[PDB]
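Throughout, protein chains are lettered first and strands after them, A, B, ... in sequence-line order, and every chain is numbered starting at 1.
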Amino acid sequence: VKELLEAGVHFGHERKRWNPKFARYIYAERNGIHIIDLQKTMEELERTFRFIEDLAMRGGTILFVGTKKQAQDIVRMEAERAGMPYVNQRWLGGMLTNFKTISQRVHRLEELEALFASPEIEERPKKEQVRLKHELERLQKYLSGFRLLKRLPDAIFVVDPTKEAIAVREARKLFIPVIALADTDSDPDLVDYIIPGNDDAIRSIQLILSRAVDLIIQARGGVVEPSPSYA
Amino acid sequence: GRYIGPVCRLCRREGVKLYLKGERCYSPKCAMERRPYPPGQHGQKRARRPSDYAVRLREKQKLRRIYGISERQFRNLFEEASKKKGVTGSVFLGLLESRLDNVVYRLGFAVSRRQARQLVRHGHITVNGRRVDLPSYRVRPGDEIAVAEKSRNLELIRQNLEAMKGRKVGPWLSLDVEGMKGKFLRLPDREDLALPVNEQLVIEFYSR
Amino acid sequence: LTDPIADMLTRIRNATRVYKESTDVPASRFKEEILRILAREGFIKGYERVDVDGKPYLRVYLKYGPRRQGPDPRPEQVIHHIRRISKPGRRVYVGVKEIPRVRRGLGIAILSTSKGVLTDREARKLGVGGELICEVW
Amino acid sequence: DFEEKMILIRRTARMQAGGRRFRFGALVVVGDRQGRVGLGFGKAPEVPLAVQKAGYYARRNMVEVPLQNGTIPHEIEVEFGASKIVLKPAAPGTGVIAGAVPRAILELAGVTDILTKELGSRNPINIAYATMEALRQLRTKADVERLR
RNA sequence: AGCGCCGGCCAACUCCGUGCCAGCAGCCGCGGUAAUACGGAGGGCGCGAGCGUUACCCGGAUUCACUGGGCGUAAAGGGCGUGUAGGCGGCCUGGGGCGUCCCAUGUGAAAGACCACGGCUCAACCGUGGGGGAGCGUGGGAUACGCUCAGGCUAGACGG
RNA sequence: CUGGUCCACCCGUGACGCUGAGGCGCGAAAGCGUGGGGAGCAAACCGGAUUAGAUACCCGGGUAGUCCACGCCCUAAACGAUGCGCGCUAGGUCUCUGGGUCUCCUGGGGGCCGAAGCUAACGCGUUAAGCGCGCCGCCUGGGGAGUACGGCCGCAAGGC
Ligand code: SF4
Ligand SMILES: [Mg+2]
Ligand SMILES: [Mg+2]
Ligand SMILES: [Mg+2]
Ligand SMILES: [Mg+2]
Ligand SMILES: [Mg+2]
Ligand SMILES: [Mg+2]
Ligand SMILES: [Mg+2]
Ligand SMILES: [Mg+2]
Ligand SMILES: [Mg+2]
Ligand SMILES: [Mg+2]
Ligand SMILES: [Mg+2]
Ligand SMILES: [Mg+2]
Ligand SMILES: [Mg+2]
Ligand SMILES: [Mg+2]
Ligand SMILES: [Mg+2]
Ligand SMILES: [Mg+2]
Ligand SMILES: [Mg+2]
Ligand SMILES: [Mg+2]
Ligand SMILES: [Mg+2]
Ligand SMILES: [Mg+2]
Ligand SMILES: [Mg+2]
Ligand SMILES: [Mg+2]
Ligand SMILES: [Mg+2]
Ligand SMILES: [Mg+2]
Ligand SMILES: [Mg+2]
Ligand SMILES: [Mg+2]
Ligand SMILES: [Mg+2]
Ligand SMILES: [Mg+2]
Ligand SMILES: [Mg+2]
Ligand SMILES: [Mg+2]
Ligand SMILES: [Mg+2]
Ligand SMILES: [Mg+2]
Ligand SMILES: [Mg+2]
Ligand SMILES: [Mg+2]
Ligand SMILES: [Mg+2]
Ligand SMILES: [Mg+2]
Ligand SMILES: [Mg+2]
Ligand SMILES: [Mg+2]
Ligand SMILES: [Mg+2]
Ligand SMILES: [Mg+2]
Ligand SMILES: [Mg+2]
Ligand SMILES: [Mg+2]
Ligand SMILES: [Mg+2]
Ligand SMILES: [Mg+2]
Ligand SMILES: [Mg+2]
Ligand SMILES: [Mg+2]
Ligand SMILES: [Mg+2]
Ligand SMILES: [Mg+2]
Ligand SMILES: [Mg+2]
Ligand SMILES: [Mg+2]
Ligand SMILES: [Mg+2]
Ligand SMILES: [Mg+2]
Ligand SMILES: [Mg+2]
Ligand SMILES: [Mg+2]
Ligand SMILES: [Mg+2]
Ligand SMILES: [Mg+2]
Ligand SMILES: [Mg+2]
Ligand SMILES: [Mg+2]
Ligand SMILES: [Mg+2]
Ligand SMILES: [Mg+2]
Ligand SMILES: [Mg+2]
Ligand SMILES: [Mg+2]
Ligand SMILES: [Mg+2]
Ligand SMILES: [Mg+2]
Ligand SMILES: [Mg+2]
Ligand SMILES: [Mg+2]
Ligand SMILES: [Mg+2]
Ligand SMILES: [Mg+2]
Ligand SMILES: [Mg+2]
Ligand SMILES: [Mg+2]
Ligand SMILES: [Mg+2]
Ligand SMILES: [Mg+2]
Ligand SMILES: [Mg+2]
Ligand SMILES: [Mg+2]
Ligand SMILES: [Mg+2]
Ligand SMILES: [Mg+2]
Ligand SMILES: [Mg+2]
Ligand SMILES: [Mg+2]
Ligand SMILES: [Mg+2]
Ligand SMILES: [Mg+2]
Ligand SMILES: [Mg+2]
Ligand SMILES: [Mg+2]
Ligand SMILES: [Mg+2]
Ligand SMILES: [Mg+2]
Ligand SMILES: [Mg+2]
Ligand SMILES: [Mg+2]
């Protein structure tokens, strides 16, 4: 289910703000820019997906993590495709290490849904109407993807392991496997199932995230691939 | 010499029945049944969490007061057991039980070790035909502890031996009743002697 | 450079602590016999006589435990501990009866005897002592 | 069922206008006397809360002690900060020769016979930490051969 | 049957008397009118023909650190060179065998110590038997390491 | 007139090396001796203020000295409060100075941030306070005290 049009999509970037532990996944440097070893990406993408498919064929959830403005909608769509929880806005410290407490926040979002089941006395003071409505949109902005997750996930998928260092830190303290896309600025050894490749090009993020869910849906029955991908 | 004063206060202090009197130890007028709290003005006040030093001192005072033995002789026996190769806990109890005044009590010649000592000290005991009036004698395997035949017509020893008729003694012993003689089979075990005592806590008290 | 034997043990220690696959120590026959013991006892994958810019070296191939799980994935070392015992500033020689047992058997003491470089078990099985070179676990 | 022992309960203090306001900390070890121990340090505005809170972390930080006839496999030395603990295997009739802090951890992990020595700073907190890390690095002939 | 002790370390708590006094104290500290800390008492703890105190030795003191410590700010880098003695020293080969290692052998008195048995009713005490050690003398052996002597090398160092 | 040091070539010598108790030399300022010099500054000193007072801070004066030669003195927050040499253990960035094939790379310096690791923490981190070897110096509770006595040095002050 793999490919090789990654070559037409990324082969990395980010000059020499690099991490020496990311050396073994580099081929050479072009015009003052590090270039990833796409063959190493291939052999890793093989190993990476071999784990992903086994988690799809067992009912495991994968909490997708992407907050950088590049992967913020790509992660919204492709994670909604498989109906897997995401986090697109601010990542909240304790979303794993303090999960019960952040989950106490969706129950509020939950009951704020059923409160706007009119009336349920929505004959409250109007200053209270736009107030709870605010808290609703507010909770909506940050929990619209986390609510689907109602237990500790079985793995997480991150587009920038340097940007989402806190999520990686939380998942590791909970022995939860970490899979991620990563270019040169990232610590390889902190990820468990790596995808060495550009994490700033939407071309690369879309290609890897969509092919990620292309396995997820095909391993839960019903291989259907044509997914949105902004030109 | 040995301790002579009130012995019920010892049990009441240790929070456990130490069978130091014989048959009143089994009556309902045993002090532990009526007042199972420490002696003195503050016996009935709520205890405080004892220190680890307290805990270990108490277990050692239990094991000691049980045999009515001086701290001096108690500590020398412990130091003997401690040099001896092998587990010190076993050997310690083994040496304790190997005291003549203790065996005489185990054979049921006397109701209490105190009584045994006044028996032994008064020569009313023999070992392998040899009269021995020493409570400290280390009885060895194969010995034979009889009543002094020139004392075998004595009320206390007869009434005591009457209640021993058919009564079991420890595995490590054997009692020829009617003939008023017993035999030391081998030195006993922690299993044979279920003493209300964790003797390991006594190793720790002396290592401090 | 005053102690090539301790420099090599130190070359190995600095290398294993940052999980390098190999490191080069300048070669010598007395070192080969020492590494010969580390490979045969499994503290290293082995070595080979290589050549760095025309100079005779030894390339030592390290081995580590499996990747670990949790906050620190770094795998457990196979050489936890290696240090020089006898040194130029103080020689250390033991007889066979006073050879030590490193780590209650789970470790090796490397000796130089007049039967060559041996372990504490080998030296005890040959009834010879010698210079206590180092200890590994 | 896990046994717990309180090693340390101390009251600390912070200042402010008005005077000092207190806080309590409990060093608590937890174990089954079979090869599992945990150490947690719990801190709360009252003693019982902090003690219970301590047992919580204690269960969240366990260590597997390769017990061998009641003693540890090999000798080990560990330095946690300026505190140093020494643990040395010991034969059947030995006992647990240790200060109050290392004793409670070894005892609850099912260590019947060991020789120990505290060196350096004898701060009960740092010594307790140093004793855990020493147990955590104990390895067996199995583990050693498995690695080579 | 006596002696010490009962604030914490450290095992054992109450009443009175005193009121920064009289006094206690190994250290930290107690005492200024409700003192578990002074004095007595009752009670308790610990030992027992002993119990305490004083002095001194080793231990706790890895606090002179060989095992087994340190020196940016805690005590601790010499104000800086230069260099004498000394300590230490790279790669390969061979000779010697000084250190080093092994084997044999002599010495390592008796008592004591240690394991066992035995004798004084037990023990203390004492008797009998057993096991060695280092260290040094001698003989034989080994040669990796250090040493020494000889030869070679260029990675250190030094010159062009 | 003269020292140190770096680079490139990889040409010469063949371990000729590291450290270094003592010794020897150098050693800011102030101070000393003989003799010069003396504008500015400025201990001591004189005066004006300030102030409760003001043997100070501020102001107006002012002699040593500050400067030169020669000879002494030998101290310091003489500091990176961090002895010297070597090997080893991610990088990023700024800069000085060489050599390149001049983007860049590679030597030698000077900084900043940081890998692993270290540290009581602060912090250190290829310019280590990391990991090791060699050698030197030094510490061992505060005060008494860098004092006293002895010795050695100095013209003295005073130094070790
Ligand atoms: S009567 Fe009870 S308290 Fe008294 S000595 Fe006998 S067992 Fe102990
Ligand atoms: Mg990026
Ligand atoms: Mg009984
Ligand atoms: Mg023993
Ligand atoms: Mg029985
Ligand atoms: Mg019993
Ligand atoms: Mg002792
Ligand atoms: Mg040593
Ligand atoms: Mg914590
Ligand atoms: Mg510490
Ligand atoms: Mg330390
Ligand atoms: Mg063992
Ligand atoms: Mg200390
Ligand atoms: Mg202390
Ligand atoms: Mg284990
Ligand atoms: Mg006393
Ligand atoms: Mg008080
Ligand atoms: Mg005491
Ligand atoms: Mg008490
Ligand atoms: Mg008065
Ligand atoms: Mg008052
Ligand atoms: Mg009063
Ligand atoms: Mg007192
Ligand atoms: Mg009183
Ligand atoms: Mg006596
Ligand atoms: Mg006396
Ligand atoms: Mg002393
Ligand atoms: Mg000492
Ligand atoms: Mg030392
Ligand atoms: Mg120190
Ligand atoms: Mg200082
Ligand atoms: Mg200096
Ligand atoms: Mg000087
Ligand atoms: Mg040499
Ligand atoms: Mg030499
Ligand atoms: Mg030779
Ligand atoms: Mg030779
Ligand atoms: Mg020789
Ligand atoms: Mg001999
Ligand atoms: Mg002799
Ligand atoms: Mg006899
Ligand atoms: Mg004898
Ligand atoms: Mg001996
Ligand atoms: Mg000889
Ligand atoms: Mg030569
Ligand atoms: Mg050269
Ligand atoms: Mg040159
Ligand atoms: Mg040349
Ligand atoms: Mg030549
Ligand atoms: Mg020099
Ligand atoms: Mg000098
Ligand atoms: Mg000068
Ligand atoms: Mg001057
Ligand atoms: Mg002058
Ligand atoms: Mg003058
Ligand atoms: Mg002058
Ligand atoms: Mg004059
Ligand atoms: Mg004036
Ligand atoms: Mg005036
Ligand atoms: Mg005036
Ligand atoms: Mg004035
Ligand atoms: Mg003026
Ligand atoms: Mg002027
Ligand atoms: Mg002038
Ligand atoms: Mg003058
Ligand atoms: Mg003058
Ligand atoms: Mg001059
Ligand atoms: Mg400075
Ligand atoms: Mg400098
Ligand atoms: Mg200084
Ligand atoms: Mg140093
Ligand atoms: Mg240039
Ligand atoms: Mg310079
Ligand atoms: Mg540089
Ligand atoms: Mg820095
Ligand atoms: Mg770090
Ligand atoms: Mg260190
Ligand atoms: Mg490097
Ligand atoms: Mg750098
Ligand atoms: Mg430098
Ligand atoms: Mg330091
Ligand atoms: Mg020096
Ligand atoms: Mg002093
Ligand atoms: Mg001075
Ligand atoms: Mg002076
Ligand atoms: Mg003088
Ligand atoms: Mg000085």
*Asks:* Identify whether NZ of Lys or CZ of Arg in C:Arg74 sits under 6.0 Å from the centre of the six-membered ring of C:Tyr19 and within 45° of that ring's axis.
*Replies:* no
*Asks:* Decide yes or no, distance alone: a donor-acceptor N/O pair under 3.5 angstrom between the base of F:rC133 and the side-chain of C:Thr2.
*Replies:* yes
*Asks:* Quantified in whole Å, what is the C1' atom distance between nucleotide E:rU82 and nucleotide F:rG80?
*Replies:*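 The same atom, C1', in both gives a distance of 24 Å.
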*Asks:* Does D:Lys117 place a side-chain N or O at less than 4.0 Å from the phosphate oxygens OP1/OP2 of E:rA61?
*Replies:* yes
*Asks:* Would you say a side-chain N or O of C:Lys20 is under 4.0 Å from OP1 or OP2 of F:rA115?
*Replies:* no
*Asks:* Between F:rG65 and F:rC160, would you say there is a Watson-Crick or G-U pair if both relevant distances must stay under 3.5 Å?
*Replies:* no
*Asks:* Base, sugar-phosphate, or nothing: which does C:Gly54 touch, judged by heavy atoms less than 4.0 Å apart?
*Replies:* nothing
*Asks:* Has the side chain of C:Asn14 got a donor or acceptor that lies under 3.5 Å from a partner of the other kind on the base of F:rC88?
*Replies:*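 Counting by modelled atom types and ignoring angles, a donor-acceptor contact under 3.5 Å is found here.
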*Asks:* Going by purine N1 to pyrimidine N3 plus the second Watson-Crick contact, or the G-U wobble pair, all under 3.5 Å, which nucleotide sits opposite E:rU63?
*Replies:*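 None - no nucleotide pairs with E:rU63, as no candidate has both distances under 3.5 Å.
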*Asks:* Let's test this: given Watson-Crick or G-U wobble pairing with both distances under 3.5 Å, identify the partner of E:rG127.
*Replies:* E:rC117
*Asks:* Between F:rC133 and E:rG135, is there a Watson-Crick or G-U wobble pair with both distances below 3.5 Å?
*Replies:*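 When the criterion is applied, F:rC133 and E:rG135 do not count as a base pair.
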*Asks:* If the cut-off is 4.0 Å, is B:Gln41 near the phosphate of E:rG44, judged by side-chain N/O to OP1 or OP2?
*Replies:* no
*Asks:* Would you indicate, yes or no, if E:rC47 has its OP1 or OP2 atom less than 4.0 angstrom from a side-chain nitrogen or oxygen of B:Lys60?
*Replies:* yes
*Asks:* Should F:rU2 and F:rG154 count as paired, given that a pair must be Watson-Crick or G-U wobble and both distances must be under 3.5 Å?
*Replies:* no
*Asks:* So F:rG14 and E:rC80, Watson-Crick or G-U wobble pair with both distances under 3.5 Å, or not?
*Replies:*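 As far as the geometry goes, E:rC80 and F:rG14 are not base-paired to each other.
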*Asks:* Please say whether the positively charged group of B:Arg113, taken as NZ for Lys or CZ for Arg, lies over the ring of B:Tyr67, i.e. under 6.0 angstrom from the six-membered ring centre and within 45 degrees of the axis.
*Replies:*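 Yes, a cation-pi geometry holds between B:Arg113 and B:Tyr67.
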*Asks:* Which nucleotide in the list F:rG87, E:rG48, F:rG117 gets nearest to the side chain of C:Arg74?
*Replies:*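 The listed nucleotide nearest to C:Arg74's side chain is F:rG117.
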*Asks:* Report the nucleotide, chosen from E:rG46, F:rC133, F:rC105, that has the shortest atom-to-atom distance to any side-chain atom of B:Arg65.
*Replies:* E:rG46
*Asks:* When you compare the side chains of C:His80 and C:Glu76, does any donor N or O come within less than 3.5 Å of an acceptor on the partner?
*Replies:* yes
*Asks:* Is there a side-chain polar atom (N or O) of B:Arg138 under 4.0 Å from OP1 or OP2 of E:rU121?
*Replies:* no
*Asks:* Determine if F:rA15 and its strand neighbour F:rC16 meet both stacking conditions: ring centres closer than 5.5 Å and an interplanar angle below 30°.
*Replies:* no
*Asks:* Determine if E:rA41 and its strand neighbour E:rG42 meet both stacking conditions: ring centres closer than 5.5 Å and an interplanar angle below 30°.
*Replies:* yes
*Asks:* Can you see whether D:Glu118 engages D:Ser83 through a side-chain donor-acceptor pair at a distance of less than 3.5 angstrom?
*Replies:*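 No donor-acceptor contact under 3.5 Å links the two side chains.
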*Asks:* For F:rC122, which nucleotide in any strand shown is its Watson-Crick or wobble partner with both distances under 3.5 Å?
*Replies:* E:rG72
*Asks:* Let me spell it out: for each of C:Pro56 and B:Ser70, pick the nucleotide of RNA chain E with the closest heavy atom. Which residue's pick is nearer the 5' end?
*Replies:* B:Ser70
*Asks:* Taking the same atom, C1', in F:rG31 and in F:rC155, what whole-Å distance lies between them?
*Replies:* 12 Å
*Asks:* Does E:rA144 have OP1 or OP2 under 4.0 Å away from a side-chain N or O of C:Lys115?
*Replies:*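 So the side chain of C:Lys115 is outside the cut-off, no N or O lying under 4.0 Å from OP1 or OP2 of E:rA144.
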*Asks:* Which word best sums up how the rings of B:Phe74 and B:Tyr206 line up, parallel for under 30°, tilted for 30 to 60°, or perpendicular for over 60°?
*Replies:* tilted
*Asks:* Run the salt-bridge test on B:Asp143 and B:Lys183 with the 4.0 Å N-O cut-off and return the result as yes or no.
*Replies:* no
*Asks:* Is the phosphate of E:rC47 approached by B:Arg64 (side-chain N or O, under 4.0 Å from OP1 or OP2)?
*Replies:*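 Checking B:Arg64 against E:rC47: at least one side-chain N or O falls below 4.0 Å of OP1 or OP2.
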*Asks:* Does A:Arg24 pair with C:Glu21 as a salt bridge, N-O distance under 4.0 Å?
*Replies:*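 Salt bridge absent between A:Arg24 and C:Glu21.
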*Asks:* Using a cut-off of 3.5 Å for both contacts, decide if E:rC27 and E:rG8 are a Watson-Crick or G-U pair.
*Replies:*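 Yes; the pair between E:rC27 and E:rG8 satisfies the definition, which requires both distances under 3.5 Å.
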*Asks:* Which value, in whole Å, describes the distance between the P atoms of nucleotides F:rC131 and F:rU126?
*Replies:* 15 Å
*Asks:* For A:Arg17 and A:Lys21, find the nucleotide of RNA chain F closest to each by heavy atoms; which residue's nucleotide sits nearer the 5' end?
*Replies:*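 Upstream on the strand: A:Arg17.
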*Asks:* Measuring only the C1' atom in each nucleotide, how far is F:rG110 from F:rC153? A whole number of Å is fine.
*Replies:*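 It comes out at 42 Å once rounded to the nearest Å.
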*Asks:* What is the base-pairing partner of F:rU127, counting Watson-Crick and G-U wobble geometry with both distances under 3.5 Å?
*Replies:* none
*Asks:* Is it the case that the base of E:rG146 and the side chain of C:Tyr93 share a donor-acceptor contact (distance under 3.5 Å, atom types as modelled)?
*Replies:*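 Flag unset: no donor-acceptor pair detected.
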*Asks:* Between B:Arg56 and E:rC10, is there a contact of a side-chain N or O with OP1 or OP2 at under 4.0 Å?
*Replies:* no
*Asks:* I'd like to know if F:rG38 and F:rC104 make a pair - Watson-Crick or G-U wobble, with both distances under 3.5 Å.
*Replies:* no
*Asks:* Measuring only the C1' atom in each nucleotide, how far is E:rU73 from F:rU82? A whole number of Å is fine.
*Replies:*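 The answer is 11 Å between these two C1' atoms.
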